[PDB]
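Chemist: Could you have a look at this structure, given as structure tokens, before my questions?
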Ligand SMILES: NCCCC[C@@](N)(CC[C@](N)(CCCCN)C(=O)O)C(=O)O
Ligand SMILES: NCCCC[C@@](N)(CC[C@](N)(CCCCN)C(=O)O)C(=O)O
């Protein structure tokens, strides 16, 4: 199985007067590349996929692809949808425009069954010839892709090689790798990056890496090298920032942090997302002071 | 300028018995003739409003144009009747929700249902700005829709009440949260709003506490019974409304043995009201067992034809 | 079926120098009797059953029975336990010492199965010849008596006549009365007293009635006569106090309120229960100022 | 800080004609000692603490202490209660009768506040001079000991040296050891034994070790010696039995499994606990066949 593993960053999408700041986007990706990241995930949840247009979604995948040219860094394009026909079209674009693989979030809102989830992902996997990573985040979607369903998709579909789990369920992470140790389990929750990696997980899709790419990449590579003592040391140091980056719904805190660090020019979201409370803004600023934030 | 005293300034409302319309498919396309036929069946069985392209209508898997087409069919079919059209117009992107509201307004809908943004989990402040933008975009009634099990977020009582008091067009909320405490909270602190049952099994408890209508899944199959229940309750004939609610519990529950609208479309097919049991992925046919369970609960109810 | 229904009070247990204030106990009960209450529940959750000795538990039931003699007010003695042998002994005491019935909470902590709950409650019901009201409160016990189990127990055991629900699950309350309308559904959550009664519930077991017995009494009796407009008005008026009385775990707020009203002489709990926060202490007092509190 | 760590067993309590089978109790403990176990926990949740009398509770601690005398295996006696006066009395007994330390579950059912939990545990720790391990299991108690409270108790009370966590919250376990790395985090959920140990947890209080003490022992010692690959190997191998041992509420499956393995004479519980369903009985049997069960 072709895989995409290692330290990965769920890229924020910087806005400038209600438009994608395409130049800042490429600059932010180069900063990720130059700080040891193994792959970038354009237009995921952290990238405000929901409020980007179809064309903007496609533009950011192209910017990510162009910027990682000449490096080893892969582009795991965000291509999920709660409509299978739409998710299939997004997978096909990502394949045809140079993405190395796709991240495909479990359908949100319409609550498909396990059978429907199976057919949803089978259709996506059959549409392309590049790796496909499932993404389970029941707190956001309202559904869950069961261990059995994930394992069936991994065994039945060539392209499906693992899952990004954001479910606060280390039991499930044992369950998955105990019954299908060949799959690539990817942490989708920064605070528990090390426990997932120490159980045989092979990478992270990180929010924190947007702000501290060197530390997340170092954490991941230590674990992948079975230096669990050094990996845990960074996970412990990062807990305070890992937690505060979710004091409000992601990506509200991480964008606040990127703005406070001078890495984006404006603290701009698209509704229904918004600036955090003044109190949480202040709390984010204070936590940041304990970490060394790389510039450009 | 903006002000905080809209609670008692005349609000156009859409209340009573309402149906979350299923969207029939035929060879992967919207069966538009069946759609209108189903709406006429609702009109002829005492329903007060229809909700095109909501959750039960598989809004998520319809194209933007199909979404718009079904609103137009709903509007056209309800012309000349007493039945209003509460068009599904929500989105988790505010830009998109605003455009959907504007379409519904410009194409004859009487109001819009606007579900809380799903998946991206806005804050209470974000939800406030989201609905303020929508309400300021059109001049037709806006019913908020809270269903946290599907969206991942909840519109708090405080936020709902703030929206009712701050925005002229926001007149109430459709609650699907299994939270009768919240329904007390809402109407005890802002009794002027229209609380709408979004959970068929608890239609009567919500109505008996001052709720003013239902947006029903069961009404797809049994429109006469849901409309009778609602009108009894609105007339304070709580004995007769509760009697129907209790009788409807078995079908009300089985219609969610799998994720709505999978069972209701199954039931509509078994009753001969739609010609094919067709969904759009990721939605699909139910299991055998649940198919049999739905068929078997249906045997207890008298299903009106066309 | 012999039943105990109507407006009922989960009595607080006042302490005085670490011992049960037996005179204040009787005085509080008389206050309930004189303000329209139909039954009292001695030594339930609100009475801090967990920290009373067997002798204090038994002493408090005797005080309730003695105080309601010659009145229309019944004693629904708290007699549950997570050990069936203990619950049987507790039921037998209440019967042999004049209680009109028993409330028996579902076993807490040890999480019996539905079969276990059935055998647990059958043993209790067969041990006595007085009514047995089940008590479902999953947030506290960690278990739930399913609708099927409650209905089976109601149909299989003569003396089991209903259930006190504290589960915030109005769907379940429809479920219960739609499929077994003969049972007595009792509200165990003050804020939703009216919704449960308006659906055919026949009483409440109230925390708020400790402080405002006349108001919970009028609410219940209005509703039982299908004067739903008057009952809903009191339920709506009571929401603020009904909610603040759970700003910390009951009975911490209600005992605080009883102390603030001068109805008990000490704000004394037994550990692990404790005084509320000073902030919540002030919040309870402010909510109370909006309500008409009867004296002795 | 005096500590009790390593591989520990929450001992089942076998019954014989409605009484504690005291001879089987000692033999089962002797089996644990002979398979590398570091300590035994008499009369915990798995030992049906809720339905034993005070004298049976006291008898089993004495049997545990006597049987581990002359060996290096310690006795961490179950001594919790939801009444602080009771929890102090049980702690005092355990010290006074030779236990090496006490496990004290968070008060169940009465839902103390964090302030109440602090005062509850402070009272327990001050009553004895032996180590005190907190036990957090919110699914059973209805309350949670917050990370702040655990750390505060650890820092303020000499005897409180850690916590046994049964909360399916690996985030909280990172939180605990990142902010207070000196405490002893003990796994209370067998399926996630390895992830908790690999993050710096120092032991387990196991249900599975009742049946497979050699495997749970090896798992813990592999991890404590930083052979994470071998510890993960047994954890993955043990998942099926770890999961099936909770298909019904613990200790219903483990006692069933011990009976099916011929390690106890009867499949006897105390109500409200009961035999499993025939289906789950069959499921436990089936899963067991894949594992090598040590005899006597
Ligand atoms: N990420 C780029 C496109 C965003 C589209 C959408 N906001 C909603 C997707 C949709 N299926 C659109 C249906 C249009 C009719 N309401 C949905 O709203 O569920 C999403 O995928 O979250
Ligand atoms: N209700 C009046 C007496 C209170 C008894 C007890 N505190 C403890 C009940 C008990 N079964 C006692 C077991 C003794 C061994 N720990 C329990 O704690 O589970 C409770 O039921 O909450």
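Residue numbers (the authors' numbering), protein chains in the order written: chain D, 3 to 298; chain C, -7 to 298; chain A, 3 to 298; chain B, 3 to 298. For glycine and all other residues, C-beta sits at the position ideal for the given N, C-alpha and C.
Counting only Cβ pairs nearer than 8 Å, list the residues of chain B close to residue 250 of chain A.
Modeler: One-based indexing of the third chain puts residue 250 of chain A at position 248. Neighbours of residue 250 of chain A on chain B, chain order: 115.
Chemist: Would you report the Cα separation of residue 201 of chain C and residue 221 of chain C, rounded to the nearest angstrom?
Modeler: Indexing the second chain from 1 puts residue 201 of chain C at position 209. Indexing the second chain from 1 puts residue 221 of chain C at position 229. C-alpha separation (whole angstroms): 14 Å.
Chemist: Counting only beta-carbon atoms, is residue 192 of chain C nearer than 8 Å to chain A?
Modeler: On the second chain, residue 192 of chain C is found 200 positions in, with the first residue counted as 1. No - not a single Cβ of chain A is within 8 Å of the one on residue 192 of chain C.
Chemist: With DSSP as the reference, label residue 143 of chain C as helix, strand or coil.
Modeler: In the second chain, counting from the first residue as 1, residue 143 of chain C sits at position 151. DSSP places residue 143 of chain C in helix when its eight states are reduced to three.
Chemist: Tell me which residues of the segment 38 to 65 of chain B have at least one Cβ-Cβ distance to chain A shorter than 8 Å, keeping chain order.
Modeler: Hits within the stretch, in order: 47, 50, 52 and 53.
Chemist: For residue 185 of chain B, count neighbouring Cβ atoms within 10 angstroms of its own Cβ and tell me buried if that reaches 16, exposed if not.
Modeler: Against the fourth chain, residue 185 of chain B aligns to sequence position 183. Counting Cβ neighbours within 10 Å, residue 185 of chain B comes out buried, since at least 16 surround it.
Chemist: Strictly below 9 Å CB to CB, what residues from chain D border residue 133 of chain B?
Modeler: Residue mapping note: residue 133 of chain B aligns to position 131 of the fourth chain, counting from 1. Correct list: empty, because the minimum Cβ distance to chain D is about 25 Å.
Chemist: Nearest-angstrom Cα distance between residue 167 of chain C and residue 70 of chain A?
Modeler: Here residue 167 of chain C refers to the residue found at position 175 when the second chain is read from its first residue. Here residue 70 of chain A refers to the residue found at position 68 when the third chain is read from its first residue. Between residue 167 of chain C and residue 70 of chain A, the C-alpha separation is close to 44 Å.
Chemist: Are the beta-carbon atoms belonging to residue 41 of chain C and residue 13 of chain C less than 8 Å from one another?
Modeler: Along the second chain, read from residue 1 onward, the residue named residue 41 of chain C stands at position 49. Along the second chain, read from residue 1 onward, the residue named residue 13 of chain C stands at position 21. No, they are not a contact pair.
Chemist: Tell me the DSSP bridge mates of residue 279 of chain C?
Modeler: As a first step, residue 279 of chain C is located in the second chain; it is residue number 287 there, counting from the start. Its beta-bridge partners do not exist; DSSP assigns none.
Chemist: Which of the three DSSP states is assigned to residue 151 of chain C in this structure?
Modeler: As a first step, residue 151 of chain C is located in the second chain; it is residue number 159 there, counting from the start. Here residue 151 of chain C sits in helix by DSSP.
Chemist: Give me the chain D residues within the contact set of residue 200 of chain B, using Cβ-Cβ distance strictly less than 9 Å, ordered along the chain.
Modeler: The residue labelled residue 200 of chain B in the question sits at position 198 within the fourth chain. Simply 196, 197, 200, 201, 230 and 234.
Chemist: For residue 292 of chain C, is the classification buried or exposed, using 16 other Cβ atoms within 10 angstroms of its Cβ as the cut-off for buried?
Modeler: Locating residue 292 of chain C in the second chain gives position 300, where the first residue counts as 1. Answer is exposed; the Cβ neighbour count stays below 16.
Chemist: From the DSSP output, read off the bridge partner residues of residue 219 of chain A.
Modeler: Start at 1 with the first residue of the third chain, and residue 219 of chain A comes out as number 217. Answer is none; residue 219 of chain A lacks a bridge partner.
Chemist: Residue 199 of chain D to residue 104 of chain C, Cα distance in whole Å?
Modeler: Taking the first chain and counting its residues from 1, the one referred to as residue 199 of chain D is at position 197. Taking the second chain and counting its residues from 1, the one referred to as residue 104 of chain C is at position 112. Each residue's alpha carbon lies about 47 Å from the other.
Chemist: Going by the beta-carbon positions, is the gap between residue 111 of chain C and residue 272 of chain D smaller than 8 Å?
Modeler: Within the second chain, the letter at position 119 stands for residue 111 of chain C. Within the first chain, the letter at position 270 stands for residue 272 of chain D. Not in contact: residue 111 of chain C and residue 272 of chain D (Cβ atoms no closer than 8 Å).
Chemist: Helix, strand or coil for residue 199 of chain B, going by three-state DSSP, please let me know.
Modeler: Numbered from its first residue, the fourth chain carries residue 199 of chain B at position 197. Reduced to three states, the DSSP call for residue 199 of chain B is helix.
Chemist: Hey, how far is the Cα of residue 237 of chain C from the Cα of residue 28 of chain C?
Modeler: Counting from one through the second chain, the residue named residue 237 of chain C turns up at place 245. Counting from one through the second chain, the residue named residue 28 of chain C turns up at place 36. In a straight line, the C-alpha of residue 237 of chain C is about 28 Å away from that of residue 28 of chain C.
Chemist: Are the beta-carbon atoms belonging to residue 26 of chain B and residue 266 of chain B less than 8 Å from one another?
Modeler: The sequence position of residue 26 of chain B within the fourth chain is 24, counting from 1. The sequence position of residue 266 of chain B within the fourth chain is 264, counting from 1. Yes; because the gap between Cβ atoms is below 8 Å, this pair is in contact.
Chemist: Does the separation of the CB atoms of residue 246 of chain B and residue 285 of chain B fall below 8 Å?
Modeler: On the fourth chain, position 244 is the one that residue 246 of chain B refers to. On the fourth chain, position 283 is the one that residue 285 of chain B refers to. Going by C-beta atoms, residue 246 of chain B is nearer than 8 Å to residue 285 of chain B.
Chemist: Looking at the structure shown, is residue 244 of chain C part of a helix, part of a strand, or coil, going by DSSP?
Modeler: For this step, residue 244 of chain C is matched to residue 252 along the second chain. Helix at residue 244 of chain C.
Chemist: If you drop the 5 nearest sequence neighbours on each side, which residues of the same chain put their C-beta closer than 6 Å to that of residue 261 of chain A?
Modeler: Position 259 of the third chain, counted from the first residue, corresponds to residue 261 of chain A. Counting only Cβ-Cβ distances below 6 Å, and skipping sequence neighbours, we find 269.
Chemist: Name the chain A residues that come within less than 9 Å of residue 218 of chain C, Cβ to Cβ?
Modeler: By 1-based counting over the second chain, the position of residue 218 of chain C is 226. Going along chain A, no residue has its Cβ under 9 Å from residue 218 of chain C, so there is no contact; the nearest lies around 15 Å.
Chemist: Note down, in chain order, each residue of its chain lying with its Cβ closer than 6 Å to the Cβ of residue 234 of chain D, except the 5 sequence neighbours on either side.
Modeler: The count along the first chain starts at 1 and reaches residue 234 of chain D at position 232. Taken in chain order, the residues that qualify are 196.
Chemist: Taking only heavy atoms of ligand 2 into account, decide whether any of them is closer than 7 Å to the Cβ of residue 137 of chain B.
Modeler: For the purposes of this step, residue 137 of chain B is identified with residue 135 of the fourth chain, where counting begins at 1. No.
Chemist: Interface residues of chain B around residue 168 of chain D at Cβ under 7 Å?
Modeler: The residue labelled residue 168 of chain D in the question sits at position 166 within the first chain. Here the premise fails: no neighbours, minimum Cβ distance about 12 Å.
Chemist: For a test of your reading of the model: does the CB of residue 101 of chain D fall under 7 Å from any non-hydrogen atom of ligand 2? Yes or no.
Modeler: Here residue 101 of chain D refers to the residue found at position 99 when the first chain is read from its first residue. No - ligand 2 has no heavy atom lying nearer than 7 Å to the Cβ of residue 101 of chain D.
Chemist: Could you check what DSSP says for residue 167 of chain C in three-state terms: helix, strand or coil?
Modeler: As a first step, residue 167 of chain C is located in the second chain; it is residue number 175 there, counting from the start. Reduced to three states, the DSSP call for residue 167 of chain C is strand.
Chemist: Pick helix, strand or coil for residue 6 of chain A, following the three-state DSSP scheme.
Modeler: The sequence position of residue 6 of chain A within the third chain is 4, counting from 1. Looking at residue 6 of chain A - three-state DSSP - the assignment turns out to be coil, as it is neither helix nor strand.
Chemist: In angstroms with no decimal places, state the Cα-to-Cα distance between residue 45 of chain B and residue 219 of chain B.
Modeler: By one-based count along the fourth chain, residue 45 of chain B stands at place 43. By one-based count along the fourth chain, residue 219 of chain B stands at place 217. For residue 45 of chain B and residue 219 of chain B, the distance between alpha carbons rounds to 20 Å.
Chemist: Is residue 85 of chain B near ligand 2, with its Cβ less than 7 Å from a heavy atom?
Modeler: Start at 1 with the first residue of the fourth chain, and residue 85 of chain B comes out as number 83. Because some heavy atom of ligand 2 lies under 7 Å away, the Cβ of residue 85 of chain B counts as near it: yes.
Chemist: Could you give the DSSP three-state label for residue 211 of chain C: helix, strand or coil?
Modeler: Translated into positions along the second chain, residue 211 of chain C becomes position 219. Residue 211 of chain C falls in the helix class under three-state DSSP.
Chemist: Please name the residue, chosen from D:153, D:164 and D:120, that lies closest to residue 277 of chain C on a Cα-to-Cα basis.
Modeler: Along the second chain, read from residue 1 onward, the residue named residue 277 of chain C stands at position 285. If we check each option's Cα against that of residue 277 of chain C, D:120 comes out closest.
Chemist: Would you list, in chain order, the members of the segment 98 to 125 of chain D that have their beta-carbon closer than 7 Å to a beta-carbon of chain C?
Modeler: Hits within the stretch, in order: 109, 110, 111, 112, 113, 114, 115, 117, 118, 119, 121, 122 and 125.
Chemist: Around the Cβ of residue 274 of chain A, are there at least 16 other Cβ atoms within 10 angstroms (buried) or fewer (exposed)?
Modeler: Position 272 of the third chain holds residue 274 of chain A. Buried: at least 16 other Cβ atoms inside 10 Å.
Chemist: Using a beta-carbon distance cut-off of less than 8 Å, what residues from the segment 170 to 186 of chain D approach chain B?
Modeler: Against chain B - using a Cβ distance shorter than 8 Å - the residues of the segment 170 to 186 of chain D are 170, 171, 172, 173, 175, 176, 177, 179, 180, 181 and 183.
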